[PDB]
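Let us start with two forms of the same protein chain, each given on its own as structure tokens and named structure 1 and structure 2.
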Structure 1
């Protein structure tokens, strides 16, 4: 049964087409998961499932939609008692031999105990940064002077174990409004020194966000 889910706004035609292209090109099955967007449904879900996050001003409603989308997929993994689920965001580009990693789960099943608490990142692992070209301050000795900003780290491609899905659901439900942070910080950065929770990284990575590739 299919374990690959791609989080995507139902109306995002171009992204969905780019996702269909790449997955079918390598014969990798997947299903779209309709992303939560600023809407009655998202407001309602925040209220019932994560009231703490509803009251948090530090995240935009779009960031809250993305968070809700990952959260409800973790909940699907638990409710359906899946060993793991593999989640993507809809701007990913698949690397060369991605079919070997994503089309079948045997390689995971022989490696991991899925009751253990872990996430395996599939995407690139550079520190999350973006450059903005600017024209007003001229280059020197053939080097540009760009404007550097930080952004949130990627949650665009990962395998999550049933163990970690339970752990992250419990954690998100327990966080106070004040403790709410971007999904990547809670999932990755804030767990780096946790007892049971491991973050693994496929190295080299097998997928990359389109923006990150630039």
Structure 2
């Protein structure tokens, strides 16, 4: 019974082929989840489920789409009473023995009760902030002078327990328009010690974003 969902724009043929290839070559079942893109459907979903986010001028509609995709998958976890769901974004590369973690679930069931509130990150945890190149100020001693353009965190591969799905849906629902930030920044900022929400990290990681 399938736990792995890959968020992917329906027309992203090159990414989907790479995902198919990777999952089939390790014999890991999965389904694509058709990512929300700028569209009437996304507009409607924002208005109905996250009215606060629809108003947030600080995010691109694409960022709102990615957020909505994660959020609806969490909702699926609740609605279908799944113990956990494993979410990916469609540019991950699976590491070597990933099938021991993703084709089989007993290792998780033996370790956690799924009403516990946790995420288990499967992707790398050493991630650079997003830097832009610039051409006007020359490098010095073979070091570039780049411009910081955002704090970037991975939401490309993680297990979320039913408990954590409930917690995150409630959290995202309660955020005001002013508090909205990209999903990765919201989730990054939730990773603190004074809460019931616990974030575990697989170390070393078993997948990584392509670029």
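By rigid core we mean the largest C-alpha set that fits within 1.5 Å across both forms. Positions refer to the first chain, counted from 1.
key: Residue showing a 2 Å-or-more C-alpha displacement between the two structures once the rigid core is overlaid, selected from 144, 104, 96, 79   = Everything else stays below 2 Å; the exception is 144.
key: Did residue 115 shift 2 Å or more between the two structures, C-alpha, core superposed   = After core superposition, the displacement of the residue 115 C-alpha between the two structures stays below 2 Å, so no.
task = Mind pulling the C-alpha shift for residue 186 between the two structures, with the rigid core superposed, in Å?
result = Rounded to one decimal, the shift is 1.8 Å.
key: Per-residue C-alpha deviation between the two structures [residue 11; rigid core superposition; Å]   = Its alpha carbon moves by 0.2 Å.
Per-residue CA shift, residue 127 (Å; core superposed between the two structures) = Comparing between the two structures after core fitting, residue 127 shifts 3.2 Å at its C-alpha.
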